[PDB]
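First comes the structure, then the notes that go with it.
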DNA sequence: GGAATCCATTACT
DNA sequence: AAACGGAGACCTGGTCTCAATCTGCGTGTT
DNA sequence: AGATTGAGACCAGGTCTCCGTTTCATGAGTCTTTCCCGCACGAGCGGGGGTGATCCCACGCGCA
DNA sequence: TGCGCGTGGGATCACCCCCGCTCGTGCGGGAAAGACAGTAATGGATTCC
């Protein structure tokens, strides 16, 4: 091919969305690009994140990121998500990773048709709950029926793992993260939230096209993430809350447990394999 | 209906209580974030996570670009957490009846009511062919023909390199603009099959008016012995400094999407070190 | 464990016998030990041999090997064979890699008993030709069977590849020949001869306790090599000579293809199982 | 039926026309290959391929040993490529009746004056433990070295009694040559009679015929003549290797191995431990050339 | 996925950081990662032209006994085969 | 079948030639080879005890999505676990 | 017969 | 406000060469 | 003689700083179809490896 | 000092762990032609120098 220069590479030279790691949490560091390399710099020293195999590069509190750093990360295709306490805060992404918009245009056909929207919206449920029939359940009931089911799973947890539950379904907009239980689930939740945004920009899908959540440009993310919302991360993170000790940071070990759940559950393989089925390709 | 497009380069942004704090070499700027929608973050800028904390609350969109959009690098959320613009784009692209209407509207922006998609496409090639012929004699330059190697830019004609360098600047600007507005570059009307399909469709509006004369101008004064992609980039940089192009483009997208005039949003540039007198009455503290 | 010293290691540190490479072919160079490293100093430079992953090493004409190098190689379990022209010249082995002698003591019991030697020879032959039934057959007419079949295998393969013959059967003793087929047979064969010598010493099995052959201290390796030479080394030995052109190093081409034959045939894993059942 | 256990160290060897040459610092010599029975290759020696091919056809046993055979490193084929001793060993070890015979035979050299040919293995090993206590005690009082009990640790060589460290080093020093002759004669080191289950099992049984006569007297002597803070492992090897210089002990193993294997006296070969500069006058009349 | 390792010396500092996006830097001029066949070829292709005047050698899983093979260009140590076996050759200075 | 690379700096020359019996030398102080779990663990003990005062690090395949993990002893380039990932850390003076 | 011109003659965007 | 290329400049750390040294790494009835 | 150690010279590569120069590596007037390249899952799925148990003298020693 | 075994101690016969699972498929990726409604350059039909 043509000349290859530092920081620039074709999508062929870069690993596919499946062969990459999940995420990295960052806190109190400056992200600067030196010698054409992303370098997260802390007080003690510098660490070179291997961007090529990063799903999403989570960004925490008290951190600074330069301009060429975002450009270098965008070229790699790793998503950038700003998170702190009380829930997720901001999203970012590069241009793309796949040059074919076939996935996007197929999604465009599906969203516009009301008949097509109802077909796919019901099909969320049997991927969430394969033992129930939603063949004759309307769009309005979908919001209410799934709204009760997500609450039921949490209620089952409270009596199961023997730890108090605040009865607060995760709403990322100005969420209540006071009690250590809440940050554990939220930090677990933002891990997939960054992951879901990471793959969607990689495959060319647009987060604006909503299925069950509507009104915001992150509607598609809030729906795909809802597919695996309670199946994988919720039992693992809540079980972490049961195995809680004092004198250590809950977030770091909880994030580690979500990592093991993600690799054990093959979330990256399952999620895109679904989207291929979800688009009838 | 008020949209603020602010370009920041060679500076640093932090937060104190509720406003972003630009720390450029001239001084400290205290723009409130309650009325900010776009941060055209230029080269060599530093953003603080605390600053990003507020911008999410107001629906402000972040875009990372080069010299005021000469190239597009990355973006974020949309204006005021609004996805209606993209929704109409999806509606306008599925059925070919809507697709043909906007495609015909795109051509007349550059008779259209009877030309079909292939019929429209041939004319655009004809008109663009005449435009190259006209400027070649107008600028008295020896343009043989548009011959280009996509994977070999160094080996090529200076005029061909000039157009290639000039064009790629334009797509970056529109991509930065369209990403902020909340649309999707994949959903193209005439162009289709690429992640920037919508980009090359919209950018065709201003290729003849802006970039092509710039590419021919730099080629006319081009001297053998130096690169011209840098020269073409700067000749686009100053042309993009004014920001009247962005004002035209945001209106064109609303017209292209048949946005009602009442619902149409007007966007204007804000140069912090050049529009000080305008920003002071809105509650901005300036320091040196 | 105790202290660790450079140049010395336990059996556990060394890899398993069948998990290593087969052989290397070294000529016109001096083998020395510098900085606790087996090194081959050729005319233009030096190379370092990963002795842990090496089964048997070979030495051709015009080479020199130092006393310290021998013991360093012997510690790793890699045996030494002086691969001169006209076939094998001499052997060399170090301490047995295997700590126990349960394999060795069982071999002694089987080899010394005439009926057990008969039974083992029955097992040895049927691996070569499983189709035939050798329930009632003794030592004297065995040697007729293998010798004829090897000749028959040699003849039919020669015509299949159209190579001239001198009607000779290959033995590593008192061999000779200027025709390219002569050294092509030797070079391919000797790698098998070296490989079996290394592994048999690694397992702790003495080479003098042969069954088909008897009369020398390397009888056992000859008998084991007889089991696999017809199956493996002979087809390539004829194949490489026919494929080779004039003015070319037949041995380099010959040894290269035999290494592939050792890989795909799973010879190392197979024979250790074969020695297990013998 | 004479085998030459000639020792080579600090020299280069090659081939000129038909006889092996030696390139030691003192001079260059041209010993014929026919005379060579066994080359005890010591430290600081290199071997040329042309020498080996001239040595392979004549059946010479090339053994790589330590300084004067203090240690064993590696070896090639047996002398004259024969294996009659090894096959004899296998026959005499497979059956208990010969195992009874040879096991009592070894104790006969252990107790030349006392007949224990009727004592079973349990009594033989029992009375074997009796003599070792006396020999340690008797030599302890002779050299005024305080002796308590055989105490050591294979995983901890440094943390040992100076008497024990010398004793352990002395046995390993003798283990060298006694394994070298076994490999030179082609015997299987694995097939041991008293000791069984280790690749050196045959070596320990043969070496025990000389441990009470060489190693223990040397080890006790070294322990007395040793100052604090000085490592004795090299001292024990150096003191032992002095006894190997003459080679008189070397003939003893050669004769003994035939005696243990019940080889007929005519078939009992006897080795001659030659040395280059020790027997210059002896080699020259046969046809050896000595050049400065 | 099979492992891969890259070595570098006397190379412009632009590349020394660029490859760190793919493979981390355990030591000076040493990079390690787990890549398939397609990805590794393109990265080696990247180092093919931007190495400048220096050394670059790479190792990866192969289909021989040792299970790895070497590729070198403009290298102090050439790679020589002994009957199909990759062994490092250090030329005499 | 797993792969393992070992890097060294400022170590006695006795050990530098020692792993040449297990590894090969693609570059100075850089050794690479293929082991199982048992052989690699045992050898890492050897380079741990004999290196004395020096630099020693190694890369080996692991059970994480990165596909490998890091073990370091007396290493300037330490390793920091970002919730289950091995990343090379370089202290700054 | 061939040049100049037109439309086929052939072919570029 | 970053961030990279070129020109030192200084350093450790690897490598070669020349005396001095040892022949080598230790279990086998307590 | 060969190999190791140590002391000492020696010098190339790495790294740091300082100064200067950039804000960059450069397509599509047009999409569609079709020949090369794919690598994870589907079908019945038993050859390996980690290791408890234990022998019989090694460490040590008690009565005799 | 006579006499053996109280703790081992790791290979090894063989026990239960593992995926068993590797070629074809078919699912996406290419890349190169190949269309699609237009001029430009140029040569035969027509007529004139």
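With ideal geometry, Cβ positions are generated from the backbone for all residues, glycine too; neighbour counts draw on all protein chains shown. Please treat every number below as a calculation from the coordinates, not as lab data.
Among D:239, B:121, which comes first, second and so on when ranked by fewest other beta-carbon atoms within 10 Å?
On the way: D:239 19, B:121 14.
With the sparsest Cβ surroundings first, the list reads B:121, D:239.
Between the range D:89-161 and the range A:115-188, the alpha-carbon centres lie 81 Å apart. Against chain D, whose longest principal axis is taken from its Cα atoms, helix D:233-243 shows a tilt of about 70°.
Most exposed first by the Cβ proxy, i.e. fewest other Cβ within 10 Å, how do F:65, A:132 rank? Provide the component values of the computation, followed by the final result.
Numbers: F:65 19, A:132 11.
Lowest to highest Cβ neighbour count: A:132, F:65.
Please state the relative contact order of the range C:207-248 as a whole percent: Cα pairs under 8 Å, 6+ residues apart? The partial results should precede the final answer.
Details: 29 pairs, mean separation 10.0, N = 42.
Relative CO of the range C:207-248 lands at 24 percent.
Shape class of the range A:11-92 from the alpha-carbon gyration tensor: oblate, with a/c at 1.5 or above and b/c at least as large as a/b.
If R0 equals 22 Å, the separation of the Cβ atoms of residue A:168 and residue A:244 corresponds to a calculated FRET efficiency of about 0.80. Taking every DSSP bridge with both residues inside the range A:33-129, close to 65 percent are antiparallel.
Can you sort F:3, C:124, A:127 so the residue with the fewest Cβ neighbours within 10 Å comes first? Don't skip to the answer; put the middle values down first.
Numbers: F:3 24, C:124 20, A:127 14.
Ranked by crowding around the Cβ, least crowded first: A:127, C:124, F:3.
With a simple spin-label model that places each label point 7 Å from the Cα along the Cα-to-Cβ direction, the separation between residue C:34 and residue B:88 comes to 7.9 nm.
Mean-square fluctuations from a GNM of chain C, with a 10 angstrom spring cutoff on Cα atoms, peak among C:174, C:19, C:226 at C:174. Considering only beta bridges that DSSP places wholly inside the protein assembly as shown, some 70 percent are antiparallel. Shielding by partners for peptide C:200-213, expressed as the average number of C-beta atoms from other protein chains within 10 Å of each residue's C-beta, is 3. FRET efficiency for the residue B:287 to residue B:53 pair, using the beta carbon distance and R₀ = 30 Å, is estimated at 0.85. Once the C-beta distance of residue D:213 and residue C:12 is scaled by a Förster radius of 41 Å, the resulting FRET efficiency is 0.70 to the nearest 0.05.
Please report the relative contact order for chain D, taking Cα pairs under 8 Å with a sequence separation of at least 6, and give it as a percent rounded to a whole number.
Working: 470 pairs, mean separation 67.5, N = 292.
Averaging sequence separation for qualifying contacts and normalising by length gives 23 percent for chain D.
Modelled spin labels at residue C:269 and residue D:135, positioned 7 Å past Cα toward Cβ, are 5.0 nm from each other.
Below 8 Å between Cα atoms, with a sequence gap of 6+, how large is the relative contact order for the range A:155-242 in percent?
Working: 71 pairs, mean separation 29.0, N = 88.
Once divided by the residue count of the range A:155-242, the mean separation gives 33 percent.
Rounded, prolate or oblate, given the Cα gyration tensor of chain B, with a/c below 1.5 counting as rounded? Cα axes put chain B in the oblate bin. Spin-label model, residue D:95 to residue B:95: label points 7 Å out along the Cα-to-beta-carbon direction sit 10.7 nm apart.
Would you please classify the overall shape of the range B:130-288 from the alpha carbon gyration tensor, given that a ≥ b ≥ c denote the square roots of the eigenvalues, rounded means a/c under 1.5, and beyond that prolate means a/b larger than b/c while oblate covers the rest? Provide the component values of the computation, followed by the final result.
Values: a/c = 2.25, a/b = 1.43, b/c = 1.58.
Because a/c hits 1.5 or more and a/b fails to exceed b/c, the range B:130-288 counts as oblate.
Remark: mean inter-chain Cβ contacts per residue of B:78-86 equal 5, using a 10 Å Cβ-Cβ cutoff to other protein chain atoms. Taking the 0 to 90 degree range and rounding to the nearest ten, how far is the long axis of helix D:201-210 tilted relative to the main principal axis of chain D, both from C-alpha atoms? With rounding to tens, the tilt is 80 degrees.
Counting partner chain Cβ atoms within 10 Å of every residue's Cβ in A:94-104, what's the average? The partial results should precede the final answer.
Values: counts 5, 9, 5, 1, 2, 4, 4, 12, 3, 1, 8.
For this peptide, the per-residue mean of nearby foreign Cβ atoms is 5.
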